[PDB]
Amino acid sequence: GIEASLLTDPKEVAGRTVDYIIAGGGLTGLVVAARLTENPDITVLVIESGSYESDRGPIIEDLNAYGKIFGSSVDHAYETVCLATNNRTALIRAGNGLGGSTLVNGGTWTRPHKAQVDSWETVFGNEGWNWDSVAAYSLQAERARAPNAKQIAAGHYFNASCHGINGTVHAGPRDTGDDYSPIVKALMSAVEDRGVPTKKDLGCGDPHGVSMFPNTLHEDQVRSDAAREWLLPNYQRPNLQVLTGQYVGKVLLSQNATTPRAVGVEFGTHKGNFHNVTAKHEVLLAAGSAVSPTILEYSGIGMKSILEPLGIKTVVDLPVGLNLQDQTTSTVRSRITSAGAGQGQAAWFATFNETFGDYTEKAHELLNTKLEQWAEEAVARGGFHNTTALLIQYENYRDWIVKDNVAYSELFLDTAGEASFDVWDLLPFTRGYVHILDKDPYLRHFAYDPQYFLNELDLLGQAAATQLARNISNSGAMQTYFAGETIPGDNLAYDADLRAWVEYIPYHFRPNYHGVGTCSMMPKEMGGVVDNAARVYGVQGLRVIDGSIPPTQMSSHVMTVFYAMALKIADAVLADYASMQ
């Protein structure tokens, strides 16, 4: 079926010409590939390092098997540098195969705060990029299902004005057919005692409080990975070709005109064993936030201070690979009474004050006085190039916290036999980088440094949000079900104060795998790599269309935005194509 359609021999595409080459068959790459080939006259070649996985079995198709895929050939498992905070190497989970990280992710489907997307036009000078336009694309991608009586009784609320029901990505409530645990409504009641809202639709634009949420799965509970949703219904199109098992190494550039033009790519598996293919219109990079910047650097598009010591000639100088923003995740886990049994997920989207509690005043004071110093320190660490322009970002985050009161941390609850919180600070001020370390793309030798916890507010906020997760687990209605803590358990005294949490947290955290910003969409003079149509500055016919481009984090899970962002970009590509006919 679809398996027989995939190309595997490099020689069957080498030296030919297509209209668009898409590097990476993941979330954004497959969305754009489908939109472009709706026109039967447009040819698209997707080149993907992995292969088809959607039909493999529960390890892909059951969202409840989350994490068992880690460490396998479907996980790139990119390795960080030796992190300064704890002198350890960390692993970055990332899907390897058609659908990308939508093959391996938690399936959570929520949207950020309206003011966060709006800042993309007001602060980051991106025409047409605002909550209304992005949300309209989001709803157009969405095919959501309202919850039933069982699901509403568990704790779901669904405002139909905030969801599309006619789109492409199937979404609805996760339901294992088991009973839902009462612990979800117990956590809601526990935060209502503190004046915290509950059951806001996290798709409507003000994610705050404790709520349940849809999941990216079909009603029969099969995972809605981007390949199942966007490629499987369309693979029979003769103008849509997919080459699997090959890495895109570099963009081929014209030597001709005033400014360079992308004319194709080189792809392969090892030095001396690579091939060319030509793009008549454009090359679109969709290899993920950890990779698309490295493809640019291997092609001579990046920072001369990085490329010259490797013997790569710089043809376009841009701050490629900087401004990397990922979050830190920690765990609090507790056994539950027999009364707590049942399925169910929920999350507390907590504000700054809700996160810091007693430390709210001191934290606000740091935020009010340290921005300039913090920016100088991040630039000195190589996380950004221009202190003045980084400060624009920090002033924007302070307005989000102080004037808009957006969610600052996320406390994610799993039940199904226990009470377990994964906790992350949503708005890190640290900035990191990814840079190549060799001229050979197929060696994949690079330095990936998110600089976790090298901003003191990031460490304070993470410690405070995790302490809060212990607090709320044994508070209010949650006391009914509390049966003793197992994480941290013995490793951190149960009455630890914030200082004790700060000492513990660097040795008990994982990456959140939400990395954005390595080809930031903002003006060049602000440190950006792409314009408001995702075009790389100073190069014709070349775009970065994936998680590399969001200039900020957001108080949500990213799929709702990335699906919208891919469709918005597809409209721009098609508009430029049309103007030539």
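The first residue of the sequence shown is number 1, and the count goes up from there.
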Stretch with the higher entry mean CA B-factor, where the candidates are 336 to 344 and 298 to 306: 336 to 344
Per the PDB record, is the mean Cα temperature factor higher over 93 to 101 or over 170 to 178? 170 to 178
Comparing C-alpha B-factors across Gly106, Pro319, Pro441, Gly264 in this entry, the winner is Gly106
Highest Cα B-factor in the deposition, which of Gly432, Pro260, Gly71, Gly268? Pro260
Taking the values exactly as deposited, rank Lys114 by C-alpha B-factor within its chain and report the matching third: lowest, middle or highest. middle
Lowest, middle or highest third: where is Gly461 by Cα B-factor in its chain? lowest
Compared with the other modelled residues in the chain, in which third is the CA B-factor of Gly15? middle
Lowest, middle or highest third of the chain for the C-alpha temperature factor of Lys185? highest
Rank-wise, by C-alpha B-factor, drop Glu61 into the lowest, middle or highest third of its chain. highest
